[PDB]
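Structure record follows, encoded as structure tokens.
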4 protein chains.
Amino acid sequence: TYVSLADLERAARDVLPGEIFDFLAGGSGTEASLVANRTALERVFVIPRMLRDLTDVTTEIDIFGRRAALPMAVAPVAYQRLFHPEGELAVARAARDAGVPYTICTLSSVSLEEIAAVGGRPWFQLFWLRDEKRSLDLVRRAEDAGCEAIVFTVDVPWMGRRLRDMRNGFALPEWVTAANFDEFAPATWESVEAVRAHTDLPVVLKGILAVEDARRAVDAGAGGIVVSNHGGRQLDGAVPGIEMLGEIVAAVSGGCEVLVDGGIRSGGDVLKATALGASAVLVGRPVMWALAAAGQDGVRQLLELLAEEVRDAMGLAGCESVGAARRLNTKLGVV
Amino acid sequence: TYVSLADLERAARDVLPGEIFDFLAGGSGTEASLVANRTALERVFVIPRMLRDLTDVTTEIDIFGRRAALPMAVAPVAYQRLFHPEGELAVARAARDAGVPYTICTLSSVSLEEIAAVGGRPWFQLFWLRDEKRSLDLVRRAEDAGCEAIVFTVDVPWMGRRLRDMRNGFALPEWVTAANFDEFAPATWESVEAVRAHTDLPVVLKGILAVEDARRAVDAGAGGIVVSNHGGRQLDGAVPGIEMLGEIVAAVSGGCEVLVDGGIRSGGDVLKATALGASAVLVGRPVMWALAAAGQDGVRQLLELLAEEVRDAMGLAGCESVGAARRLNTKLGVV
Amino acid sequence: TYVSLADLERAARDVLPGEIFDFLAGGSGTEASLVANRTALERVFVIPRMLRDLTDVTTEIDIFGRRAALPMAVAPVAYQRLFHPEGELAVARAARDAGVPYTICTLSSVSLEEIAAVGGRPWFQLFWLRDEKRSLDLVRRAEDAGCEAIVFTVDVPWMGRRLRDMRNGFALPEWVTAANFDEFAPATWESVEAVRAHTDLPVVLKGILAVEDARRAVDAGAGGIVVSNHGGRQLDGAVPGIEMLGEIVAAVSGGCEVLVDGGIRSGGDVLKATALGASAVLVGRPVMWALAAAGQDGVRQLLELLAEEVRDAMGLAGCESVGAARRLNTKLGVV
Amino acid sequence: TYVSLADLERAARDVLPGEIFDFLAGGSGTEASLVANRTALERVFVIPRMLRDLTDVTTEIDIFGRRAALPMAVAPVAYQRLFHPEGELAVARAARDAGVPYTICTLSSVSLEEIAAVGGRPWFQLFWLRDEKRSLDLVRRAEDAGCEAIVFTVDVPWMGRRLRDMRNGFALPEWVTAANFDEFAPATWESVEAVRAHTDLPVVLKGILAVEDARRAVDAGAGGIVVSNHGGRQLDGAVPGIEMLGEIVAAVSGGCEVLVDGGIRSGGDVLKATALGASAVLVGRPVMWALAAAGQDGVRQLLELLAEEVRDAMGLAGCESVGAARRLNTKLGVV
Ligand SMILES: Cc1cc2nc3c(=O)[nH]c(=O)nc-3n(C[C@H](O)[C@H](O)[C@H](O)COP(=O)(O)O)c2cc1C
Ligand SMILES: Cc1cc2nc3c(=O)[nH]c(=O)nc-3n(C[C@H](O)[C@H](O)[C@H](O)COP(=O)(O)O)c2cc1C
Ligand SMILES: Cc1cc2nc3c(=O)[nH]c(=O)nc-3n(C[C@H](O)[C@H](O)[C@H](O)COP(=O)(O)O)c2cc1C
Ligand SMILES: Cc1cc2nc3c(=O)[nH]c(=O)nc-3n(C[C@H](O)[C@H](O)[C@H](O)COP(=O)(O)O)c2cc1C
Ligand SMILES: O=C(O)[C@@H](O)c1ccc(O)cc1
Ligand SMILES: O=C(O)[C@@H](O)c1ccc(O)cc1
Ligand SMILES: O=C(O)[C@@H](O)c1ccc(O)cc1
Ligand SMILES: O=C(O)[C@@H](O)c1ccc(O)cc1
Ligand SMILES: O=C(O)[C@@H](O)c1ccc(O)cc1
Ligand SMILES: O=C(O)[C@@H](O)c1ccc(O)cc1
Ligand SMILES: O=C(O)[C@@H](O)c1ccc(O)cc1
Ligand SMILES: O=C(O)[C@@H](O)c1ccc(O)cc1
């Protein structure tokens with residue numbers, strides 16, 4: 001029985017090979033941004049409300065035309081067969097059963113059509129390829145397979161400097177492949193427009209940190225953004241998304257959904273993100289800890305724990321709905 | 001001989017069973033709010049005044065129609081027989097002898113009538129029960145028994161996630177029971193009004209952190225509030241009461257008594273709370289350390305030590321009265 | 001050869017009995033104010049000036065009608081025979097030879113007349129006694145013996161709670177006595193006026209932290225103040241003097257000399273104090289480390305080291321005089 | 001293969017004699033300014049831009065009439081034969097090959113003419129000598145030998161207090177000499193004018209921290225300044241250059257080039273400096289680590305690594321040029 005997400009990290013470190021744990025845990029450069037994602041959440045304190053009606057507390061949201069059970073989705077994480085033989089299928093099944101959106105990756109180790117066939121109304125994460133037509137074909141494949149949103153990753157013109165991976169000499173095992181293929185080009189605003197013109201699905205730009213990039217995303221017709229430094233894996237020294245979130249929420253002024261990720265490790269952290277104005281969060285590494293530890297059942301247990309922590313935090317803060325949580329105030333503290 | 005409250009924690013850890021010490025010491029979740037209560041006090045520095053008349057320094061206050069010997073009351077702590085066989089009777093006797101109000105709990109391990117019979121003009125802490133009539137009956141019992149205030153706990157719609165208790169598998173021993181009974185409903189503003197209509201006693205709302213909840217408490221006819229995050233035991237990530245206190249004192253503008261709790265560990269901390277505008281503080285865990293260490297005599301020694309530290313701090317700060325201490329200025333520092 | 005003041009603390013800890021080292025090193029309560037004195041200096045950074053004329057750098061000041069070789073005096077420290085058999089005579093001789101004022105204490109372990117006979121134009125520190133006439137007699141004795149200023153300590157209505165001393169059971173050895181006597185009353189503004197009326201010497205109020213107490217000191221006819229929390233030995237939680245200094249300097253607006261003490265451990269710290277607006281600093285514990293380590297010669301070496309560090313810091317900061325150092329700007333940093 | 005600059009420090013500590021490593025690593029006094037240079041960079045976070053054209057990312061700048069391959073030059077470091085037998089020649093050759101300016105020192109252990117003969121369009125660092133004519137002769141020698149800028153060090157009226165060197169009893173080995181000679185006077189604004197009148201080369205004032213000294217530098221006809229606390233080696237307690245940089249850039253308002261140094265340890269740090277407004281950075285200690293570890297080849301590898309890290313950071317931040325990097329915004333964080 002896991003009582004916190006930290007129980008799952010401990011379990012994952014026990015089971016995973018060192019170099020795979022490092023691929024998962026690590027960030028770029030000195031890992032300043034990786035650590036800052038945690039620091040940034042730990043400095044935020046919530047000002048809870050008391051004495052409100054909690055007779056029907058609901059953690060549900062509506063996002064991109066679907067009801068989700070929590071203000072949370074599984075972040076795109078490449079190559080999930082690194083962590084468990086069932087890889088993406090195990091995670092997608094658990095997410096479906098929990099009513100949480102699952103983000104299918106361009107670099108999934110099981111094909112996007114197979115993962116979509118699990119059900120649960122999935123999203124699809126896009127990397128822009130040097131061959132543009134390949135990019136747009138992936139989008140069409142995703143849409144044909146029933147994916148509900150295109151999560152266009154905009155903070156990877158190329159991969160950051162992963163010093164753990166360099167020092168370990170990390171490479172994919174022969175049994176883990178990019179199953180959507182039988183090489184990255186930097187994406188631009190023109191690429192965003194090409195995607196927006198090629199699909200009826202909401203386009204969500206993942207990796208926005210500058211306020212004017214958030215504004216431009218709305219002007220470009222994005223249905224959402226994810227305020228994110230890519231888990232500290234891209235620019236080392238990039239500001240945490242949680243530190244830009246409030247300013248971005250104010251600037252977009254309801255023009256698109258504003259998600260955040262990086263370091264969400266509890267329902268309390270979800271509450272903090274919501275109180276800062278997020279529509280929803282993504283959770284990355286902890287989902288992989290659960291997958292590594294106990295496969296589909298592990299992910300189920302993680303999502304059940306997160307669901308309980310979110311409900312607990314919301315009610316203790318006087319919030320019968322996620323909208324009420326967005327109206328909570330916060331105060332910065334120390335360490 | 002104890003020269004600081006930390007001497008008492010050391011003594012309590014030596015004697016108490018691990019799981020009972022954890023029940024006492026612990027907070028919810030990651031214990032962020034528990035630690036922050038201490039951090040928040042440690043960052044506050046007092047700007048003392050010099051050269052004032054100290055020929056009759058008094059630490060007394062008038063609160064809820066009684067003179068108290070210190071600007072302090074014993075916080076409500078459930079199930080005091082966990083810590084010593086005499087439980088609530090030992091603590092209430094020592095509080096009476098020291099001239100400090102004692103808060104009798106809804107979940108007292110000795111009946112409220114027995115504890116009230118000790119004397120010392122006691123307060124009564126109320127949890128709202130699913131059976132409303134039971135709640136109001138407790139209030140009437142408390143009033144009939146001579147309790148002087150109803151401390152309505154408003155931050156426990158349900159109990160927080162106590163991970164130490166979960167990991168220890170903590171349960172009450174068979175010899176510790178809720179002696180007022182022969183199950184919690186979330187309280188609302190309607191519940192507050194039902195209590196206010198059922199008693200002539202001052203109603204004090206314990207667990208207020210939002211400024212508008214403090215204002216609403218005054219509008220609702222509360223005689224006081226306790227600005228509190230429940231010792232870090234309820235919402236993990238709730239702001240410390242000490243960080244909201246000044247803003248709350250300004251907002252209520254003398255409309256009710258404003259108490260604070262969480263992490264008060266010395267007379268200097270009492271002085272800080274007073275300088276930030278508190279009418280009085282509650283002290284929880286240290287009273288239980290003293291009870292565990294040496295029963296009634298332990299609590300007596302703790303209160304004597306606190307009394308000396310409060311007098312010392314006040315005089316060194318140029319304050320002949322608690323009112324003068326409330327007019328002291330403060331300055332935030334680091335670590 | 002000592003190259004920093006920290007070399008002297010190490011030497012003093014080696015030689016002194018534990019309880020005497022604790023009497024010297026310790027503060028009140030949790031020692032929060034003791035530690036904060038150091039933290040407060042460490043957070044201040046100087047913005048040095050370049051390319052200024054340094055052909056005649058002088059560290060001299062004029063204060064209370066005497067030229068001093070440095071913007072520094074030896075703080076009042078009671079019972080110096082605790083640290084070395086020559087006690088106050090050793091320190092006073094070294095201070096005289098270095099051109100630094102020495103503060104003779106009310107609780108000196110050698111009589112004030114003997115210490116004054118050393119020469120060097122000494123100051124006299126006054127504690128207010130329950131017998132007022134005794135207080136004023138000490139002032140007259142000091143003036144008759146050639147003391148140049150009365151340093152009236154205003155932050156000791158009684159002694160703070162010295163937990164190291166309590167735990168050690170510290171008491172003076174039989175061979176250390178208060179040599180000025182053959183019991184403290186709290187001083188008030190009336191006491192200050194009684195002293196001011198009884199002497200032509202400048203009266204300096206030591207232990208001022210509140211801005212309005214600094215203003216009142218000027219209105220009361222004080223020739224100076226020492227902005228000070230008594231080395232963290234009095235109110236535990238009192239703000240460091242260095243944190244109030246700039247605001248106090250602005251408020252008194254040249255109306256009296258403004259000294260500071262607490263945690264000065266280098267010439268760089270002297271420069272910081274000067275840049276924040278101090279006329280001069282007092283140095284306490286390090287002078288006693290030097291006395292303990294090597295008697296008069298130790299104090300000589302300490303003052304020579306401090307003199308070199310002050311000259312070094314001033315010149316590197318582009319300051320040919322202490323007045324120029326007072327015009328330096330500062331910036332707060334972290335840790 | 002080195003993947004970070006920290007790999008090079010480890011390698012240098014392994015090979016160098018302790019006292020030489022200390023000469024290199026150390027700062028003045030308590031090393032507060034040395035540590036603060038690192039702290040100051042670690043607190044700065046970049047707000048990257050996304051989705052910009054990165055088809056021709058260039059790290060080049062034009063400075064003092066030459067194209068440089070990076071916004072970086074090798075800082076002046078005296079006596080490079082302390083670290084490797086080839087000393088300055090090894091470093092200058094690697095800098096030339098990398099297209100990075102190299103600063104030839106007044107206290108070079110190989111003559112300035114020999115180092116200039118390496119090629120690569122070098123700069124010359126000037127210390128003001130007690131014999132003025134000697135100073136101006138060095139300038140003329142430098143200009144005759146093809147140096148492109150005079151980097152006048154303005155923060156060394158004399159050497160700071162290097163406690164590591166004092167404790168080690170550090171002295172130059174007999175085989176390391178000041179090769180430009182067959183003693184320092186404090187420089188003033190008059191000295192700057194004498195240099196400016198004696199050369200057509202741009203004069204760059206190294207060691208400026210005060211905003212009005214930056215303004216005065218422009219008024220005095222400086223072509224650049226280096227905002228610097230001399231690597232924490234001069235005034236202990238001097239503010240880090242990185243903390244003054246933004247204010248200085250605003251004040252000079254394009255009137256001269258504004259460089260910064262102190263603690264640059266990665267391409268990410270270069271990006272931070274650029275985002276705060278620097279034209280370029282200097283790098284000191286890491287170049288010497290590389291020299292100690294592996295001579296010319298070591299310095300080559302260091303500069304290749306820095307070049308890759310700068311390109312990586314710029315592109316991840318959406319910057320196709322250094323000018324675009326200067327337009328990035330930053331946000332302060334914690335630890
Ligand atoms: C092992 C790993 C692989 C990832 N792969 C991708 C990816 O292919 N596409 C993408 O947009 N983000 C990717 N991310 C970033 C995550 O979507 C997310 O931004 C980050 O993990 C969130 O932080 P968290 O792990 O702290 O919850 C990856 C993260 C990790 C740890
Ligand atoms: C073991 C324990 C039991 C508690 N029981 C109650 C309770 O029944 N009702 C209540 O309002 N507060 C309860 N509290 C909270 C305290 O009244 C108080 O808010 C908190 O302990 C103050 O912080 P301190 O312990 O840091 O002094 C309890 C606290 C502890 C540690
Ligand atoms: C052992 C000791 C004895 C002291 N005695 C006196 C005293 O008799 N009168 C007084 O005004 N201050 C006294 N002080 C306070 C000092 O004058 C001074 O405020 C403090 O030591 C300055 O801080 P520093 O020790 O950090 O330099 C004493 C301090 C110490 C450490
Ligand atoms: C061993 C050593 C010698 C130095 N010699 C000189 C010098 O002769 N002239 C000068 O202007 N700066 C000198 N500096 C300062 C550097 O130019 C530069 O300001 C500092 O090293 C930059 O910080 P960094 O080492 O953190 O990169 C020296 C620094 C070191 C570490
Ligand atoms: O300034 C803010 O309030 C915001 O940028 C912020 C959010 C989280 C945090 O930890 C620090 C700052
Ligand atoms: O963070 C990752 O590992 C993932 O986003 C990624 C995978 C391949 C790649 O080229 C760049 C990024
Ligand atoms: O802003 C304040 O002054 C107040 O919120 C506060 C009180 C105590 C504290 O530690 C930090 C902040
Ligand atoms: O903090 C506690 O333990 C106390 O307030 C409490 C007791 C029972 C309960 O259901 C909720 C809270
Ligand atoms: O606010 C200030 O500048 C002043 O109070 C201060 C001085 C020193 C210090 O460390 C912190 C604050
Ligand atoms: O700090 C001290 O020890 C000194 O100021 C002092 C001495 C005797 C006393 O009663 C009070 C203070
Ligand atoms: O105030 C600022 O923004 C600037 O002085 C600064 C730069 C870097 C830093 O770490 C702290 C402050
Ligand atoms: O930092 C140094 O070591 C260098 O700048 C220097 C060399 C000789 C000197 O006299 C002063 C400074």
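For the structure tokens, the naming scheme is as follows: chains receive sequential letters (A, B, ...) according to their order of presentation, residues are indexed from 1 within each chain, and ligands are indexed from 1 in presentation order.
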
task = Output the contact residues of chain A with respect to chain D at a cut-off of 6 Å, based on only C-alpha atoms, as an MDAnalysis selection string.
result = chainID A and resid 187:189 210 235 237:239

List the spatial neighbours of residue 141 of chain A as a JSON list (two decimals) with C-alpha atoms, in the first residue's frame - criterion: any atom at most 10 Å away, only C-alpha atoms, same-chain residues fewer than 3 positions off excluded.
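Wrote result-v6.json, looks like this:
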[["chain", "number", "residue", "atom", "x", "y", "z"],
["A", 112, "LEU", "CA", -0.25, 5.02, -31.37],
["A", 113, "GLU", "CA", -3.11, 3.01, -32.93],
["A", 124, "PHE", "CA", -1.41, 12.69, -28.94],
["A", 135, "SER", "CA", 4.67, 15.15, -38.83],
["A", 136, "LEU", "CA", 1.32, 15.89, -40.46],
["A", 137, "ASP", "CA", 0.79, 12.17, -41.21],
["A", 138, "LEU", "CA", 1.26, 11.43, -37.48],
["A", 144, "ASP", "CA", -8.11, 8.80, -37.29],
["A", 145, "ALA", "CA", -7.38, 6.64, -34.22],
["A", 146, "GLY", "CA", -9.63, 8.76, -31.95],
["A", 147, "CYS", "CA", -7.12, 11.01, -30.18],
["A", 180, "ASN", "CA", 5.26, 4.84, -34.84]]

ask   = Which neighbours of residue 111 of chain C fall inside 12 Å, counting only C-alpha atoms, when residues of the same chain fewer than 5 positions from it are skipped, and could you give them as a ChimeraX atom specification?
value = /C:78-81,87-89,104-106,116-118,124,138,141-142,145,176-182

Atom-to-atom span, atom 2 (C, counted along the ligand's line) of ligand 3 and atom CA of residue 125 of chain C, Å =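 Distance between the two atoms: 12.8 Å.
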
inquiry  = Which residues are near ligand 4 in this structure, taking near to mean any atom at most 6 Å from a ligand atom and counting only C-alpha atoms and all ligand atoms? Format them as a list in words.
reply    = residues 23, 24, 75, 76, 77, 78, 105, 107, 153, 230, 231, 261, 262, 263, 264, 283, 284 and 285 of chain D

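Look at residue 244 of chain B: the protein and nucleic acid residues within 8 Å of it, using only C-alpha atoms and passing over chain neighbours fewer than 2 places away, are residues 209, 210, 211, 227, 239, 240, 241, 242, 246, 247 and 248 of chain B.
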
File of the preceding selection, N, CA and C atoms, as a short mmCIF file (atom, residue, chain, number, x, y, z; two decimals), in the first residue's frame:
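Done, and the output landed in out_36.cif:
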data_model
loop_
_atom_site.label_atom_id
_atom_site.label_comp_id
_atom_site.auth_asym_id
_atom_site.auth_seq_id
_atom_site.Cartn_x
_atom_site.Cartn_y
_atom_site.Cartn_z
N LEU B 209 -7.96 31.00 8.31
CA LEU B 209 -6.74 31.52 7.66
C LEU B 209 -6.98 32.61 6.62
N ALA B 210 -8.12 32.58 5.95
CA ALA B 210 -8.42 33.59 4.92
C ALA B 210 -8.95 34.85 5.57
N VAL B 211 -8.49 36.00 5.09
CA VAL B 211 -8.92 37.28 5.63
C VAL B 211 -10.44 37.43 5.55
N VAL B 227 -6.52 31.90 14.49
CA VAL B 227 -5.84 31.88 13.21
C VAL B 227 -4.85 30.72 13.27
N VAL B 239 -1.01 27.74 4.64
CA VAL B 239 -0.21 28.82 5.20
C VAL B 239 -0.21 28.78 6.75
N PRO B 240 0.93 29.08 7.38
CA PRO B 240 0.89 29.22 8.84
C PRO B 240 0.02 30.36 9.30
N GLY B 241 -0.70 30.16 10.40
CA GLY B 241 -1.49 31.21 10.97
C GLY B 241 -0.71 32.48 11.26
N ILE B 242 0.52 32.33 11.76
CA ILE B 242 1.35 33.49 12.07
C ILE B 242 1.60 34.38 10.84
N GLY B 246 -1.26 39.26 11.00
CA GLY B 246 -1.28 40.72 10.93
C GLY B 246 -2.39 41.24 10.01
N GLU B 247 -2.52 40.60 8.85
CA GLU B 247 -3.53 41.01 7.90
C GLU B 247 -4.94 40.79 8.47
N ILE B 248 -5.13 39.68 9.18
CA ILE B 248 -6.41 39.39 9.81
C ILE B 248 -6.74 40.37 10.93
#

inquiry  = So that I can check the secondary structure, give me every residue of segment 66-309 of chain A assigned helix (DSSP H, G or I) by backbone DSSP, as a ChimeraX atom specification.
reply    = /A:80-82,87-98,112-117,132-144,163-168,189-198,211-219,230-232,241-252,267-275,285-309

message = Using Å and a single decimal, report how far atom CA of residue 37 of chain A sits from atom CA of residue 32 of chain B.
response = 16.1 Å

request  = Using only C-alpha atoms and all ligand atoms, find the one residue out of B:110, B:20, B:90, B:260 that sits nearest to ligand 7.
outcome  =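 Nearest to ligand 7: B:260.
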
ask   = Mind checking DSSP for segment 24-260 of chain C and telling me the strand (DSSP E) residues as number ranges by chain?
value = C: 44-47, 61-63, 66-68, 72-74, 103-104, 123-126, 150-153, 203-208, 224-227, 257-260

ask   = In Å, with one decimal, what is the gap from atom CA of residue 30 of chain A to atom CA of residue 310 of chain D?
value = 14.3 Å

task = Return the single residue from A:70, A:290, A:254, A:156 that is closest to residue 16 of chain A, with distances computed using only C-alpha atoms.
result =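 Distance minimum relative to residue 16 of chain A lands on A:290.
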
ask   = Near residue 222 of chain B, counting only C-alpha atoms, which residues have an atom at most 9 Å away, once you skip same-chain residues fewer than 5 positions from it, shown as a count of residues only?
value = 11

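Shortest separation to residue 25 of chain C among C:213, C:7, C:200, C:165 occurs at residue C:165, atoms counted being only C-alpha atoms.
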
inquiry  = Which residues are near residue 95 of chain C? Cut-off 8 Å, only C-alpha atoms, ignore same chain within fewer than 2 positions. Put them as JSON, numbers by chain.
reply    = {"C": [74, 91, 92, 93, 97, 98, 99, 100, 101, 102, 120, 299, 300, 303]}
